[PDB]
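Engineer: Sequence and experimental coordinates follow.
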Amino acid sequence: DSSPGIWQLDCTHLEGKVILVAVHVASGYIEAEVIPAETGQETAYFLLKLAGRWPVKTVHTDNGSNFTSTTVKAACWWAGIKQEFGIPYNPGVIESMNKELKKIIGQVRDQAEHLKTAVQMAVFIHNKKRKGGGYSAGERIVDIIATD
Ligand SMILES: O=C(O)c1sccc1-n1cccc1
Ligand SMILES: O=C(O)c1sccc1-n1cccc1
């Protein structure tokens, strides 16, 4: 829950659509997108995209069955990603950040036609505008990774 290579991926639902949320656990930085279907294929695609942008070493999820997809495992394999086992399940920080992201989405929803755009507005607010040495999550992730 503190190595700089750990990301957590989960799905949540809004307006009948699926939002995939990835959290960089050490910093609190978020990546999220609306995806057309809650599937292993979309999970795998997202992992490939994420790993090309950030150094992804291990991945966790609050729904372990997500990672039983052979397409997910192939994306893993190709990108050199392993599964994270040092984070126990809380039947939660990451769950709460997901709930906070949904709150931000609601606050900006009427400023965009499509949910996908509101989600990106909320990610921007979460990573860049929120501050909590009073840096943003975007500042924290780059500092953590650069130091590593
Ligand atoms: O998409 C699939 O066909 C399979 S099969 C085993 C797990 C998954 N999955 C679905 C959502 C996230 C992962
Ligand atoms: O208003 C919209 O629905 C779209 S669609 C693509 C970008 C935007 N947007 C949102 C804020 C500023 C621009």
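Structural biologist: Sure thing, it's come through. Numbers count the residues shown, from 1 in each chain. Ligands and ions are numbered 1, 2, ... in the order given.

Engineer: Strands of the chain, start to end?
Structural biologist: For the chain, applying DSSP state E gives strands covering 6-14, 17-24, 29-35, 58-60, 82-83.

Engineer: got the residues of the chain near ligand 1?
Structural biologist: 38-40, 43, 65-66, 68-69 (CB under 6 Å from any ligand atom). In this view, the C-beta of every residue, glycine as well, is placed from N, C-alpha and C.

Engineer: Now which of the residues you listed would you call buried?
Structural biologist: Listed as buried from the residues of the chain next to ligand 1 are 38, 40, 43, 66, 69; burial here means 16 or more other CB atoms under 10 Å.

Engineer: now, which of those residues lie close to ligand 2?
Structural biologist: Okay, of these, nothing touches ligand 2 (CB under 6 Å from any ligand atom).

Engineer: Can I get these in CSV including distance to residue 9?
Structural biologist: Shown next, in CSV, are those (distance: CB to CB, whole Å):
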residue, distance to residue 9
38, 12
40, 12
43, 7
66, 7
69, 12
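
Engineer: so which of those residues comes closest to residue 25?
Structural biologist: Distance to residue 25 across these (CB to CB) is lowest for residue 66, with 16.4 Å.

Engineer: From what I see, that closest one and residue 9 are in contact.
Structural biologist: Yes: between residue 66 and residue 9 there is a contact under CB atoms under 8 Å: 7.1 Å.

Engineer: Find residues that contact each of those two.
Structural biologist: Contact with both residue 66 and residue 9 is made by residues residue 43, according to CB atoms under 8 Å, 6 or more residues apart in numbering.

Engineer: What is the burial count for residue 53?
Structural biologist: Other residues within reach of residue 53, judged by other CB atoms under 10 Å, total 8.

Engineer: What residues does this structure have near ligand 2?
Structural biologist: 112-114, 117.

Engineer: Which one of the residues you listed is nearest to residue 21?
Structural biologist: residue 117 (16.2 Å).

Engineer: Return the alpha-carbon coordinates of the helix ranked longest in the chain using CSV.
Structural biologist: Assignment by DSSP state H gives helix 93-108 as the longest helix of the chain. Only the C-alpha atoms of helix 93-108 are listed here, as CSV (Å, rounded to 0.1, in the frame of the first residue of the first chain):
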residue,chain,number,x,y,z
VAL,A,93,-9.2,4.2,1.4
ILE,A,94,-9.6,3.4,-2.3
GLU,A,95,-13.3,2.7,-2.0
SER,A,96,-13.7,6.1,-0.4
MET,A,97,-11.7,7.9,-3.1
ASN,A,98,-14.0,6.2,-5.6
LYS,A,99,-17.0,7.6,-3.7
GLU,A,100,-15.3,11.1,-3.6
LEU,A,101,-14.7,10.9,-7.3
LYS,A,102,-18.4,10.2,-7.8
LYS,A,103,-19.3,13.3,-5.7
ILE,A,104,-17.1,15.5,-7.9
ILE,A,105,-18.6,14.0,-11.0
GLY,A,106,-22.1,15.0,-9.8
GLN,A,107,-20.9,18.5,-9.1
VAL,A,108,-19.7,19.1,-12.7
